[PDB]
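A short write-up of the structure that comes next.
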Amino acid sequence: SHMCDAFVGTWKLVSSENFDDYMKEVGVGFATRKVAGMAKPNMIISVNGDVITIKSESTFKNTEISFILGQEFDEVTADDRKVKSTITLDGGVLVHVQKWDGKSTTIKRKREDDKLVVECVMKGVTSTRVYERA
Ligand SMILES: CC(C)c1cc(C(C)C)c(C(=O)O)c(C(C)C)c1
């Protein structure tokens, strides 16, 4: 067994708070914010050896990233930012930092009770998105 095994599974978004404001802070345009904010994605997380894959599937966009912990990769985000991403495990929490254009945002993914909690931070603005097992 692997430590990320707690994250492995198919997850569905059941609540989202302050995501529009998070997206504003990130720089997402009006029309993208409106459509992306309406999305209720399924998040699919799998682990194969050292490689973790996180898929996001919704009516807005289907995204997929695969990565090894601590090793930087290029990511194109759902809002079409080209970012440099590094994901690490810090005391059981997946910490995902995205860097682009001199800016930085951090997305934390945590297991809490039976839920998977995603905290998105851009400067002083935090959005909390909660997922349950699908
Ligand atoms: C528009 C940007 C900021 C964004 C969009 C999405 C969806 C709606 C495709 C997601 C997500 O995969 O939940 C995320 C997560 C990485 C929180 C970010």
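Ordering of the structure tokens sets the chain letters (A, B, ...), residue numbers begin anew at 1 in every chain, and ligands are numbered from 1 in the order given.
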Collect all residues with atoms no farther than 7 Å from ligand 1, counting only C-alpha atoms and all ligand atoms, and output them as a CSV table (one decimal) with N, CA and C atoms, in the first residue's frame.
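Below is the file result35.csv, written as the result:
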```
chain,number,residue,atom,x,y,z
A,23,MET,N,-11.3,32.3,-8.6
A,23,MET,CA,-11.0,32.4,-10.0
A,23,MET,C,-10.7,33.9,-10.4
A,28,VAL,N,-9.0,34.6,-14.0
A,28,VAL,CA,-10.0,34.0,-15.0
A,28,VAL,C,-11.0,34.9,-15.5
A,33,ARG,N,-15.3,32.0,-16.0
A,33,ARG,CA,-15.7,31.9,-14.6
A,33,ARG,C,-17.1,31.4,-14.5
A,36,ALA,N,-17.3,27.7,-15.7
A,36,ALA,CA,-16.5,26.8,-14.8
A,36,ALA,C,-17.1,26.7,-13.4
A,37,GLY,N,-17.7,27.8,-13.0
A,37,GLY,CA,-18.3,27.9,-11.7
A,37,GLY,C,-19.5,27.0,-11.6
A,39,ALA,N,-19.8,24.2,-13.1
A,39,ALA,CA,-19.4,22.8,-13.3
A,39,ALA,C,-19.4,22.0,-12.0
A,41,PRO,N,-17.6,18.8,-11.2
A,41,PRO,CA,-16.8,17.7,-11.7
A,41,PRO,C,-16.7,16.5,-10.9
A,56,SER,N,-10.0,15.3,-14.0
A,56,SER,CA,-11.2,16.1,-13.6
A,56,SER,C,-12.2,16.0,-14.8
A,58,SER,N,-16.0,17.0,-16.4
A,58,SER,CA,-17.2,17.8,-16.2
A,58,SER,C,-17.7,18.2,-17.5
A,60,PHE,N,-17.7,21.2,-18.5
A,60,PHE,CA,-16.9,22.3,-18.9
A,60,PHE,C,-15.6,21.9,-19.6
A,61,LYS,N,-14.9,21.0,-19.0
A,61,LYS,CA,-13.6,20.5,-19.5
A,61,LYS,C,-13.2,19.2,-18.9
A,62,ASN,N,-12.5,18.4,-19.6
A,62,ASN,CA,-11.9,17.2,-19.1
A,62,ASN,C,-10.4,17.4,-19.0
A,63,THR,N,-9.9,17.3,-17.8
A,63,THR,CA,-8.4,17.5,-17.6
A,63,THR,C,-7.8,16.3,-17.0
A,77,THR,N,-3.9,24.4,-17.5
A,77,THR,CA,-5.1,24.4,-16.6
A,77,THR,C,-6.4,24.5,-17.4
A,78,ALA,N,-7.5,24.3,-16.7
A,78,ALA,CA,-8.8,24.3,-17.4
A,78,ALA,C,-9.1,25.7,-18.0
A,79,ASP,N,-8.6,26.7,-17.3
A,79,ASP,CA,-8.8,28.1,-17.8
A,79,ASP,C,-7.6,28.5,-18.8
A,107,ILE,N,-3.1,24.6,-4.3
A,107,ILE,CA,-4.3,23.8,-4.2
A,107,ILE,C,-4.0,22.6,-3.3
A,118,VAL,N,-10.9,20.0,-1.0
A,118,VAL,CA,-9.9,20.7,-1.9
A,118,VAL,C,-9.9,22.2,-1.5
A,120,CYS,N,-8.4,25.9,-2.4
A,120,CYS,CA,-7.6,26.6,-3.4
A,120,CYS,C,-7.3,28.0,-2.9
```
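Residues surrounding residue A:13 within 10 Å are residues 39, 40, 41, 42, 43, 115, 116, 117, 118, 129, 130, 131, 132, 133 and 134 of chain A [only C-alpha atoms; sequence separation below 4 positions excluded].
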Dump of N, CA and C atoms for the selected residues, as a PDB file, in the first residue's frame:
```pdb
ATOM      1  N   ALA A  39     -19.768  24.154 -13.106  1.00  0.00           N
ATOM      2  CA  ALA A  39     -19.361  22.774 -13.268  1.00  0.00           C
ATOM      3  C   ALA A  39     -19.415  22.012 -11.960  1.00  0.00           C
ATOM      4  N   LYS A  40     -19.801  20.751 -12.070  1.00  0.00           N
ATOM      5  CA  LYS A  40     -19.827  19.843 -10.927  1.00  0.00           C
ATOM      6  C   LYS A  40     -18.974  18.636 -11.291  1.00  0.00           C
ATOM      7  N   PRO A  41     -17.635  18.788 -11.218  1.00  0.00           N
ATOM      8  CA  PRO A  41     -16.759  17.743 -11.749  1.00  0.00           C
ATOM      9  C   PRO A  41     -16.727  16.474 -10.912  1.00  0.00           C
ATOM     10  N   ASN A  42     -16.403  15.388 -11.600  1.00  0.00           N
ATOM     11  CA  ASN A  42     -15.922  14.176 -10.960  1.00  0.00           C
ATOM     12  C   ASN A  42     -14.404  14.201 -10.972  1.00  0.00           C
ATOM     13  N   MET A  43     -13.804  13.886  -9.833  1.00  0.00           N
ATOM     14  CA  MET A  43     -12.357  13.825  -9.737  1.00  0.00           C
ATOM     15  C   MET A  43     -11.980  12.372  -9.581  1.00  0.00           C
ATOM     16  N   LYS A 115     -14.843  12.380   3.255  1.00  0.00           N
ATOM     17  CA  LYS A 115     -14.777  13.343   2.159  1.00  0.00           C
ATOM     18  C   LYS A 115     -13.360  13.634   1.682  1.00  0.00           C
ATOM     19  N   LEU A 116     -13.275  14.205   0.489  1.00  0.00           N
ATOM     20  CA  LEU A 116     -12.020  14.733   0.001  1.00  0.00           C
ATOM     21  C   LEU A 116     -12.244  16.236  -0.088  1.00  0.00           C
ATOM     22  N   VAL A 117     -11.409  16.999   0.606  1.00  0.00           N
ATOM     23  CA  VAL A 117     -11.576  18.445   0.666  1.00  0.00           C
ATOM     24  C   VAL A 117     -10.475  19.110  -0.140  1.00  0.00           C
ATOM     25  N   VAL A 118     -10.859  20.036  -1.014  1.00  0.00           N
ATOM     26  CA  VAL A 118      -9.911  20.747  -1.866  1.00  0.00           C
ATOM     27  C   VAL A 118      -9.935  22.217  -1.479  1.00  0.00           C
ATOM     28  N   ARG A 129     -13.749  23.308  -1.755  1.00  0.00           N
ATOM     29  CA  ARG A 129     -14.594  22.443  -2.551  1.00  0.00           C
ATOM     30  C   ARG A 129     -14.578  21.071  -1.911  1.00  0.00           C
ATOM     31  N   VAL A 130     -15.758  20.501  -1.681  1.00  0.00           N
ATOM     32  CA  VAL A 130     -15.869  19.235  -0.965  1.00  0.00           C
ATOM     33  C   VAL A 130     -16.395  18.167  -1.899  1.00  0.00           C
ATOM     34  N   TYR A 131     -15.743  17.003  -1.886  1.00  0.00           N
ATOM     35  CA  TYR A 131     -16.136  15.868  -2.712  1.00  0.00           C
ATOM     36  C   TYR A 131     -16.496  14.677  -1.851  1.00  0.00           C
ATOM     37  N   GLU A 132     -17.455  13.892  -2.321  1.00  0.00           N
ATOM     38  CA  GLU A 132     -17.761  12.617  -1.704  1.00  0.00           C
ATOM     39  C   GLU A 132     -17.531  11.490  -2.706  1.00  0.00           C
ATOM     40  N   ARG A 133     -17.465  10.257  -2.222  1.00  0.00           N
ATOM     41  CA  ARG A 133     -17.293   9.119  -3.111  1.00  0.00           C
ATOM     42  C   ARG A 133     -18.449   9.011  -4.088  1.00  0.00           C
ATOM     43  N   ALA A 134     -18.137   8.720  -5.343  1.00  0.00           N
ATOM     44  CA  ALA A 134     -19.162   8.609  -6.375  1.00  0.00           C
ATOM     45  C   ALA A 134     -19.832   7.245  -6.320  1.00  0.00           C
TER      46      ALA A 134
END
```
Excluding residue A:25 and residues on its chain fewer than 6 positions from it, collect all residues at most 12 Å away from it, counting only C-alpha atoms, and give them as a PyMOL selection string. chain A and resi 18-19+33+103-105+120-127
Can you write just those residues out, N, CA and C atoms, as a JSON list (two decimals), in the first residue's frame?
```
[["chain", "number", "residue", "atom", "x", "y", "z"],
["A", 18, "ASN", "N", -16.88, 30.12, -2.53],
["A", 18, "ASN", "CA", -15.95, 31.18, -2.89],
["A", 18, "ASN", "C", -15.09, 30.90, -4.12],
["A", 19, "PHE", "N", -15.52, 29.95, -4.94],
["A", 19, "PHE", "CA", -14.76, 29.59, -6.14],
["A", 19, "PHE", "C", -14.74, 30.73, -7.18],
["A", 33, "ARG", "N", -15.26, 32.00, -15.98],
["A", 33, "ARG", "CA", -15.67, 31.88, -14.58],
["A", 33, "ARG", "C", -17.11, 31.41, -14.45],
["A", 103, "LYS", "N", 3.20, 34.73, -10.80],
["A", 103, "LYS", "CA", 2.13, 34.49, -9.83],
["A", 103, "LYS", "C", 2.21, 33.05, -9.33],
["A", 104, "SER", "N", 1.50, 32.77, -8.25],
["A", 104, "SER", "CA", 1.50, 31.43, -7.66],
["A", 104, "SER", "C", 0.16, 31.18, -7.00],
["A", 105, "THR", "N", -0.37, 29.97, -7.17],
["A", 105, "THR", "CA", -1.56, 29.54, -6.44],
["A", 105, "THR", "C", -1.30, 28.15, -5.86],
["A", 120, "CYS", "N", -8.35, 25.88, -2.36],
["A", 120, "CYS", "CA", -7.63, 26.60, -3.40],
["A", 120, "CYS", "C", -7.35, 28.00, -2.86],
["A", 121, "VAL", "N", -6.07, 28.37, -2.85],
["A", 121, "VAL", "CA", -5.64, 29.65, -2.29],
["A", 121, "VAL", "C", -4.90, 30.48, -3.33],
["A", 122, "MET", "N", -5.34, 31.72, -3.51],
["A", 122, "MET", "CA", -4.64, 32.69, -4.33],
["A", 122, "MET", "C", -4.56, 33.93, -3.47],
["A", 123, "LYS", "N", -3.35, 34.24, -3.02],
["A", 123, "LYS", "CA", -3.09, 35.32, -2.08],
["A", 123, "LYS", "C", -3.96, 35.19, -0.82],
["A", 124, "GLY", "N", -4.86, 36.13, -0.61],
["A", 124, "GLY", "CA", -5.68, 36.10, 0.59],
["A", 124, "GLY", "C", -7.02, 35.43, 0.40],
["A", 125, "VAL", "N", -7.27, 34.90, -0.79],
["A", 125, "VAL", "CA", -8.58, 34.34, -1.14],
["A", 125, "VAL", "C", -8.56, 32.82, -1.18],
["A", 126, "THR", "N", -9.46, 32.20, -0.43],
["A", 126, "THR", "CA", -9.55, 30.75, -0.33],
["A", 126, "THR", "C", -10.90, 30.24, -0.78],
["A", 127, "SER", "N", -10.89, 29.20, -1.61],
["A", 127, "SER", "CA", -12.11, 28.51, -1.99],
["A", 127, "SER", "C", -12.04, 27.08, -1.48]]
```
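Distance-wise, atom CA of residue A:90 and atom CA of residue A:111 end up 12.6 Å apart.
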Using only C-alpha atoms, can you tell me which of A:44, A:31, A:38, A:3 comes closest to residue A:16? A:38
DSSP on the backbone, then: every residue of stretch 70-125 of chain A marked strand (DSSP E or B), written as an MDAnalysis selection string. chainID A and resid 73:76 82:90 93:100 103:112 115:122 125
Test item: residues at most 6 Å from stretch 93-97 of chain A, only C-alpha atoms, excluding those fewer than 2 positions along its chain, as a PyMOL selection string: chain A and resi 85-91+105-110
Can you measure atom CA of residue A:68 to atom CA of residue A:45 for me? One decimal in Å is fine.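 Spanning atom CA of residue A:68 to atom CA of residue A:45 is a straight-line distance of 13.4 Å.
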Where does DSSP see alpha helix (DSSP H) in chain A, if you list the residues as a ChimeraX atom specification? /A:19-26,30-38
Please write the residues from the selection above to a file, keeping N, CA, C and O atoms, as a short mmCIF file (atom, residue, chain, number, x, y, z; two decimals), in the first residue's frame.
```
data_model
loop_
_atom_site.label_atom_id
_atom_site.label_comp_id
_atom_site.auth_asym_id
_atom_site.auth_seq_id
_atom_site.Cartn_x
_atom_site.Cartn_y
_atom_site.Cartn_z
N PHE A 19 -15.52 29.95 -4.94
CA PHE A 19 -14.76 29.59 -6.14
C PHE A 19 -14.74 30.73 -7.18
O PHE A 19 -13.74 30.92 -7.87
N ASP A 20 -15.82 31.51 -7.29
CA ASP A 20 -15.81 32.63 -8.24
C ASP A 20 -14.75 33.64 -7.84
O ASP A 20 -13.98 34.11 -8.67
N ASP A 21 -14.69 33.94 -6.55
CA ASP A 21 -13.70 34.89 -6.06
C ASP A 21 -12.26 34.36 -6.19
O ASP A 21 -11.34 35.11 -6.49
N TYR A 22 -12.08 33.06 -5.96
CA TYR A 22 -10.78 32.45 -6.19
C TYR A 22 -10.39 32.63 -7.66
O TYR A 22 -9.27 33.06 -7.96
N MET A 23 -11.30 32.28 -8.56
CA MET A 23 -11.03 32.43 -9.99
C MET A 23 -10.74 33.88 -10.40
O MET A 23 -9.86 34.11 -11.23
N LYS A 24 -11.45 34.83 -9.79
CA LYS A 24 -11.18 36.24 -10.07
C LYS A 24 -9.75 36.58 -9.70
O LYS A 24 -9.05 37.26 -10.46
N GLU A 25 -9.32 36.10 -8.54
CA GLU A 25 -7.99 36.41 -8.05
C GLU A 25 -6.93 35.77 -8.94
O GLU A 25 -5.86 36.35 -9.16
N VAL A 26 -7.23 34.59 -9.47
CA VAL A 26 -6.33 33.90 -10.39
C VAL A 26 -6.20 34.64 -11.72
O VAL A 26 -5.15 34.58 -12.37
N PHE A 30 -14.45 36.57 -17.36
CA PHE A 30 -15.86 36.47 -17.00
C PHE A 30 -16.56 35.19 -17.50
O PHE A 30 -17.14 34.45 -16.70
N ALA A 31 -16.52 34.94 -18.80
CA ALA A 31 -17.29 33.85 -19.37
C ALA A 31 -16.77 32.50 -18.89
O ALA A 31 -17.55 31.60 -18.60
N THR A 32 -15.46 32.37 -18.79
CA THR A 32 -14.89 31.14 -18.25
C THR A 32 -15.29 30.94 -16.79
O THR A 32 -15.66 29.83 -16.39
N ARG A 33 -15.26 32.00 -15.98
CA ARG A 33 -15.67 31.88 -14.58
C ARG A 33 -17.11 31.41 -14.45
O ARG A 33 -17.41 30.57 -13.61
N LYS A 34 -18.00 31.95 -15.28
CA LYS A 34 -19.41 31.61 -15.15
C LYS A 34 -19.64 30.14 -15.49
O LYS A 34 -20.35 29.44 -14.76
N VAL A 35 -19.03 29.68 -16.57
CA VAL A 35 -19.24 28.31 -17.01
C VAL A 35 -18.49 27.34 -16.10
O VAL A 35 -19.05 26.31 -15.70
N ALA A 36 -17.25 27.66 -15.75
CA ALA A 36 -16.49 26.79 -14.84
C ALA A 36 -17.09 26.74 -13.44
O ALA A 36 -17.03 25.70 -12.77
N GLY A 37 -17.68 27.84 -12.98
CA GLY A 37 -18.28 27.87 -11.67
C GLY A 37 -19.54 27.01 -11.59
O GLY A 37 -19.89 26.51 -10.52
N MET A 38 -20.20 26.83 -12.72
CA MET A 38 -21.37 25.96 -12.81
C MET A 38 -21.02 24.47 -12.80
O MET A 38 -21.87 23.62 -12.53
#
```
Tell me, in Å to one decimal, how far atom CA of residue A:80 is from atom CA of residue A:47.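 Straight-line distance from atom CA of residue A:80 to atom CA of residue A:47 works out to 25.4 Å.
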For residue A:71, the nearest of the candidates A:100, A:59, A:50, A:7, counting only C-alpha atoms: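 Using only C-alpha atoms, residue A:71 sits closest to A:50.
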Find the residues near residue A:52: any atom within 6 Å, counting only C-alpha atoms, skip ones fewer than 6 places away on the same chain, and give them as a VMD selection string. chain A and resid 46 66 to 67
Those residues with N, CA, C and O atoms, as a tab-separated table (two decimals), in the first residue's frame please?
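Done, and the output landed in again_14.tsv:
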```tsv
chain	number	residue	atom	x	y	z
A	46	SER	N	-5.83	8.09	-9.22
A	46	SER	CA	-5.27	6.77	-9.26
A	46	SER	C	-3.77	6.84	-9.04
A	46	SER	O	-3.13	7.88	-9.25
A	66	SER	N	-0.67	13.79	-14.76
A	66	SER	CA	0.08	12.70	-14.15
A	66	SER	C	1.42	13.26	-13.69
A	66	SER	O	2.00	14.11	-14.35
A	67	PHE	N	1.89	12.79	-12.54
A	67	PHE	CA	3.07	13.39	-11.93
A	67	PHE	C	3.70	12.48	-10.89
A	67	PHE	O	3.08	11.52	-10.42
```
